[PDB]
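Colleague: For the protein sequence lines, the chains are A and A', in the order given. A prime marks a further copy of an entry chain. In terms of PDB author numbering, the first sequence opens at residue 1 and continues consecutively. In terms of PDB author numbering, the second sequence opens at residue 1 and continues consecutively. From the three backbone atoms N, C-alpha and C, an ideal C-beta is built for every residue, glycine too. Below you will find the structure I want to go over with you.
Number of protein chains: 2
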Amino acid sequence: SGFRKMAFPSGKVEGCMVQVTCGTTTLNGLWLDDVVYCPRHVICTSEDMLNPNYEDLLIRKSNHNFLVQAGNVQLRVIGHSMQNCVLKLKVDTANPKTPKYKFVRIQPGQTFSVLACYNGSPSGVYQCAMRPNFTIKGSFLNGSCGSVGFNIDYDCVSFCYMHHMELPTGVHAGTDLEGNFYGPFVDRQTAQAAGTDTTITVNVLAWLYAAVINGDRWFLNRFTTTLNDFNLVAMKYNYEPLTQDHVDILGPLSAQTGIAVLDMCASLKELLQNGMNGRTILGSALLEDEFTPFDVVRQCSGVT
Amino acid sequence: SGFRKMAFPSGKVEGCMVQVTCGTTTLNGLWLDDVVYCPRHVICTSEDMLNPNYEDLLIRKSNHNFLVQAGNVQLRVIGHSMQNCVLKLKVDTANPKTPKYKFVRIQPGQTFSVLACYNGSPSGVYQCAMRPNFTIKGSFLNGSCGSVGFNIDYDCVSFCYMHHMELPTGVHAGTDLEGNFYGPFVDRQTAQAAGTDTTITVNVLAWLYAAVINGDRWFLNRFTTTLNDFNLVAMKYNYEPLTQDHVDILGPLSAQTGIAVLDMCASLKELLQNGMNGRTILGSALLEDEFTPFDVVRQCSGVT
Ligand SMILES: *CCC(=O)N(c1ccc(C(C)(C)C)cc1)[C@@H](C(=O)NCCOC)c1cccnc1
Ligand SMILES: *CCC(=O)N(c1ccc(C(C)(C)C)cc1)[C@@H](C(=O)NCCOC)c1cccnc1
Numbered sequence: 001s002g003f004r005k006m007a008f009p010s011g012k013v014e015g016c017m018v019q020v021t022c023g024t025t026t027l028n029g030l031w032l033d034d035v036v037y038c039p040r041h042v043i044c045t046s047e048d049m050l051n052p053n054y055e056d057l058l059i060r061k062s063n064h065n066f067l068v069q070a071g072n073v074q075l076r077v078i079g080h081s082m083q084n085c086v087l088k089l090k091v092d093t094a095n096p097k098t099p100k101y102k103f104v105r106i107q108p109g110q111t112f113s114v115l116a117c118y119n120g121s122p123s124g125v126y127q128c129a130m131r132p133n134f135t136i137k138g139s140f141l142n143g144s145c146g147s148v149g150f151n152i153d154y155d156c157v158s159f160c161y162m163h164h165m166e167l168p169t170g171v172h173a174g175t176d177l178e179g180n181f182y183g184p185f186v187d188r189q190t191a192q193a194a195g196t197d198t199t200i201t202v203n204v205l206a207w208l209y210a211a212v213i214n215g216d217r218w219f220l221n222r223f224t225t226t227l228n229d230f231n232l233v234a235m236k237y238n239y240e241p242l243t244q245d246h247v248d249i250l251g252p253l254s255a256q257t258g259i260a261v262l263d264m265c266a267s268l269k270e271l272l273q274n275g276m277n278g279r280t281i282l283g284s285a286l287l288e289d290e291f292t293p294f295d296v297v298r299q300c301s302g303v304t
Numbered sequence: 001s002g003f004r005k006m007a008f009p010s011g012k013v014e015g016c017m018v019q020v021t022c023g024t025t026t027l028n029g030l031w032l033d034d035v036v037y038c039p040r041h042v043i044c045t046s047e048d049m050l051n052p053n054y055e056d057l058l059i060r061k062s063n064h065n066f067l068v069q070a071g072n073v074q075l076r077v078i079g080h081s082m083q084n085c086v087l088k089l090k091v092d093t094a095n096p097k098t099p100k101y102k103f104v105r106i107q108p109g110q111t112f113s114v115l116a117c118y119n120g121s122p123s124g125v126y127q128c129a130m131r132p133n134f135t136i137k138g139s140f141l142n143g144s145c146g147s148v149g150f151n152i153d154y155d156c157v158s159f160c161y162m163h164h165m166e167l168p169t170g171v172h173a174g175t176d177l178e179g180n181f182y183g184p185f186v187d188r189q190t191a192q193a194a195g196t197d198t199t200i201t202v203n204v205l206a207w208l209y210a211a212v213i214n215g216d217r218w219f220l221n222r223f224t225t226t227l228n229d230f231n232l233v234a235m236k237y238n239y240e241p242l243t244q245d246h247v248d249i250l251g252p253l254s255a256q257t258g259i260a261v262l263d264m265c266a267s268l269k270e271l272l273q274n275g276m277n278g279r280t281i282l283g284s285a286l287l288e289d290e291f292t293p294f295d296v297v298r299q300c301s302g303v304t
């Protein structure tokens, strides 16, 4: 029993982190096979940041201008290319610790683990979710760019995020491993305001199921609701709309606990309307939304 | 910017996890050098649990009765001994992935990372704190015993916890790596109720400093207090007493933010007395106490 904000074991990803330097800028890179992926803004100086023309800045760079260090050893760069907002540095050595991997582009509401790195060295691991406004609320300092987000399915690492920047509001923006930003963000030091950070309803419901499985049942009410009635309340509270796809995804949790999804929706509706009244659920005084229904099943079943 | 409940990168510890089986019981073991450490209750059956005599049960076990598997390969057990509540199984092969390590016994309030494992395989990593009542609030299912808690200082892993059991209230109890339980708990299926789970005051103050560093400043008040006045309020709210040692430990955070420790105490006193009023601090609606002052400095400075 017990339910924690749990990250995937980070070992497989630690074996991929390298340091990438270009001129005076140092950030992290991800070394998979004979390619090192890193944010293309590694080529920018203190001036460039404001309005960079990456293709033009890249013309002034050769393979020998990208310094890649794996541990305390230098890798030889034999090619470089820009794919969207990432640079791909071809090195002469395949990473011997390359795990089985995939590049995936996640949808808002999906969670992942982040291995925060500095100078190609891991500092910590935490669990994030892609917010509905395509930002992530991470813990990233100067030099953390190139740190990656990932999920693991047995022995295959699916990389979903690469850190690029912090918006003026302290939230984070990044790309998938093909260099495409999540959301409308651009790798430029300009006014970029995030949209509404709504609550991921399906994740809150999954976490309420986790609470019931773990013995926290005080919030269970005597009511039910419909998807349309629940959604009117959800809109009022800046919660994402709940769809039949979300109800279907919550089916296994509904089956395990014997609580119909719409009954849990009615309990969540009363929690939104009445508040917590100073009570807690799974040690939290707010409704947690960074656990997907898959995360709840995985943690409650002990998937390794 | 941003502040997350961050665990240490788990790779170094993943390379130490093995599966230990004795009879019909399988749990996790920690393989360091040529020794595998695991809970001694691996020798117990469905009957034994109630009132086990470990020395007597151990007489019926030989080296060949302990099956140790590292990955998909079997390790040869050439000796076994009981040290307090842990078994030490001497194997004929030193773990090639043994990191630099220490065994440390932590004090209440200290945090650590847990690599939850099943069948010798890592499932996830999360950050815990040793509660003032010597329990931990983990996420552990059947088969998680032998999962370990640790801190990392650059390349040295200090192991501080080994999971042994869950109390009837769903909280967890375990030992240090010398097999001594934290708190008064015993490895027996009997009535063991935990004491008061008070809040770790020095950790809450550290986290309020983290909030100020990260821009969450609404709770900063125009007051100050004394250690004795603050402590009268702390006792009333089931918070641990604050000592001059804690004030000294918070010195670097006080210096960085320019907020005297006693001023932050007065802000915490008003938060206890007035509540949050529906507001949040670092995305939390309650006062977080599982970040030590060292954790706040480490995360806010990017220690790798
Ligand atoms: C990794 C580099 C870095 O720390 N940061 C950064 C990111 C992007 C850029 C360009 C403008 C695209 C060239 C420069 C520097 C910062 C960062 O985002 N700085 C701007 C802050 O906006 C409010 C960084 C700092 C903290 C966390 N992540 C990144
Ligand atoms: C690892 C074995 C296991 O899952 N558990 C366990 C621990 C200790 C014992 C002895 C009684 C000491 C022989 C048997 C089995 C359980 C556990 O603690 N069971 C009792 C539950 O008490 C409420 C376990 C279950 C979940 C999390 N950790 C351990």
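Taking only the alpha-carbon atoms, compute the straight-line gap between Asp289/A and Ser301/A and give it to the nearest angstrom.
Modeller: Approximately 20 Å between the Cα atoms of the pair.
Colleague: In chain A, which residues lie with their C-beta within 8 Å of the C-beta of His172/A'?
Modeller: Residues of chain A passing the Cβ test: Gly2.
Colleague: Do the stretch 215–234 of chain A' and the stretch 175–187 of chain A' meet, that is, are 3 or more Cβ pairs less than 8 Å apart?
Modeller: In short, these stretches do not touch, since the Cβ pair count stays below three.
Colleague: Of all Cβ atoms in chain A', is any one closer than 8 Å to the Cβ of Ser267/A?
Modeller: Cβ-Cβ to chain A' under 8 Å: no for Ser267/A.
Colleague: Restricting to runs no shorter than 3 residues, where is the beta strand (DSSP E) found entirely within the stretch 86–161 of chain A?
Modeller: Those beta strand (DSSP E) runs which fall completely within the stretch 86–161 of chain A and span 3+ residues are 86–91, 100–103, 111–118, 121–129 and 148–153.
Colleague: May I ask whether a heavy atom of ligand 1 can be found less than 7 Å away from the beta carbon of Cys265/A?
Modeller: Outside the cutoff, so no.
Colleague: I need the straight-line Cα distance from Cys145/A' to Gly275/A', nearest angstrom please.
Modeller: Rounded to the nearest angstrom, the two C-alpha atoms are 38 Å apart.
Colleague: Apply the 10 Å Cβ neighbour rule to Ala255/A and answer buried if 16 or more other Cβ atoms are within range, or exposed otherwise.
Modeller: It counts as exposed.
Colleague: Quick check: does the Cβ of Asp34/A' come within less than 7 Å of any heavy atom belonging to ligand 1?
Modeller: No.
Colleague: For my contact list, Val157/A' and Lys269/A' are in at a C-beta cut-off of 8 Å; report their separation, rounded to the angstrom.
Modeller: Not a contact, Cβ separation roughly 38 Å.
Colleague: Using a Cβ distance threshold of 8 Å, determine whether the stretch 291–301 of chain A contacts the stretch 102–109 of chain A', with at least three qualifying pairs required.
Modeller: The stretch 291–301 of chain A is not in contact with the stretch 102–109 of chain A'.
Colleague: May I ask you to list, following chain order, the residues of the stretch 266–293 of chain A that have a beta carbon less than 9 Å from some beta carbon of chain A'?
Modeller: Listed by position along the chain: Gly275, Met276, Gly278, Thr280, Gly283, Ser284, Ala285 and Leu286.
Colleague: Just to confirm before moving on: does the CB-CB distance between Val303/A and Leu253/A stay below 8 Å?
Modeller: No; because the gap between Cβ atoms is not below 8 Å, this pair is not in contact.
Colleague: Does the distance between the C-beta of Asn221/A and the nearest non-hydrogen atom of ligand 2 fall short of 7 Å?
Modeller: No, the beta carbon of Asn221/A sits no closer than 7 Å to any heavy atom of ligand 2.
Colleague: Assign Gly79/A to buried or exposed, taking buried as 16 or more other Cβ atoms, counted over all protein chains shown, within 10 Å of its Cβ.
Modeller: By the 10 Å Cβ count, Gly79/A comes out exposed.
Colleague: Buried or exposed for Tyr154/A, going by 16 or more other Cβ atoms inside 10 Å?
Modeller: Exposed, because fewer than 16 other Cβ atoms sit within 10 Å of the Cβ of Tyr154/A.
Colleague: Can you grab the Cα-Cα spacing for the pair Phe140/A / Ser121/A, in whole Å?
Modeller: So the alpha carbons of these two residues sit roughly 13 Å apart.
Colleague: Between which two residues does the alpha helix (DSSP H) containing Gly251/A' stretch?
Modeller: Run containing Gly251/A': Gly251 to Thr257, per the alpha helix (DSSP H) assignment.
Colleague: Does the beta carbon of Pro168/A' come closer than 8 Å to any beta carbon on chain A?
Modeller: With 8 Å as the cut-off, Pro168/A' does not count as an interface residue toward chain A.
Colleague: Could you pull out every residue in the same chain whose Cβ sits closer than 6 Å to the Cβ of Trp207/A, ignoring the five residues on either side in sequence?
Modeller: Within the same chain, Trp207/A has close Cβ partners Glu288 and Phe291.
Colleague: To the nearest whole angstrom, what separates the beta carbons of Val148/A' and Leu30/A', a pair I think is in contact under 8 Å?
Modeller: Sure, about 5 Å apart at Cβ, within 8 Å.
Colleague: Can you tell me which residues form a DSSP beta bridge with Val36/A?
Modeller: For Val36/A, which the question treats as bridged, DSSP gives the partners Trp31/A and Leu89/A.
Colleague: Can you tell me the Cα-Cα spacing of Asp245/A' and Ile259/A', whole angstroms?
Modeller: One C-alpha to the other measures close to 17 Å.
Colleague: Residues of the stretch 210–241 of chain A in Cβ contact with chain A' at a cutoff of 8 Å, in chain order, please.
Modeller: Residues passing the 8 Å Cβ filter: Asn214 and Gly215.
Colleague: With 16 as the cutoff for other CB atoms within 10 Å, does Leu250/A' come out buried or exposed?
Modeller: Buried is the call here.
Colleague: For a test of your reading of the model: does the CB of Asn142/A' fall under 7 Å from any non-hydrogen atom of ligand 2? Yes or no.
Modeller: Yes.
Colleague: Does the structure place the stretch 71–85 of chain A' close enough to the stretch 127–141 of chain A' that three or more beta carbon pairs sit under 8 Å?
Modeller: Segments in contact, no.
Colleague: Nearest to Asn203/A' by alpha carbon, out of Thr243/A', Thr169/A' and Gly23/A'?
Modeller: When each option's Cα is compared against that of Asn203/A', the closest is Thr243/A'.
Colleague: Would you list, in chain order, the members of the stretch 114–134 of chain A that have their beta-carbon closer than 9 Å to a beta-carbon of chain A'?
Modeller: Answer set for the stretch 114–134 of chain A: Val114, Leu115, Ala116, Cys117, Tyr118, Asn119, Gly120, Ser121, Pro122, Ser123, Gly124, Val125, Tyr126, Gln127 and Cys128.
Colleague: Is any non-hydrogen atom of ligand 1 found closer than 7 Å to the C-beta of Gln273/A', if you look at the structure I gave you?
Modeller: Outside the cutoff, so no.
Colleague: For chain A', find out if any of its Cβ atoms is closer than 8 Å to the Cβ of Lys5/A; answer yes or no.
Modeller: Yes - at least one Cβ of chain A' is within 8 Å of the one on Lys5/A.
Colleague: Please list the partners that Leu141/A' has in chain A, where partner means a Cβ-to-Cβ separation under 7 Å.
Modeller: Correct list: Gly302.
Colleague: Assuming contact is defined by CB atoms lying nearer than 8 Å, are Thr111/A and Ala129/A in contact in what I supplied?
Modeller: Yes, Cβ-Cβ distance for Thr111/A and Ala129/A is below 8 Å.
Colleague: Compute every distance between the C-beta of residue 306/A and the non-hydrogen atoms of ligand 2, then say whether any falls below 7 Å.
Modeller: Here chain A comprises residues numbered 1 to 304, so residue 306/A is not present and cannot be evaluated.
Colleague: What three-state label does DSSP hand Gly170/A' in the structure shown?
Modeller: DSSP places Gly170/A' in coil when its eight states are reduced to three.
Colleague: Would the stretch 13–30 of chain A' count as touching the stretch 15–29 of chain A if we require 3 or more Cβ pairs under 8 Å?
Modeller: Counting Cβ pairs under 8 Å, fewer than three are found: no touch.
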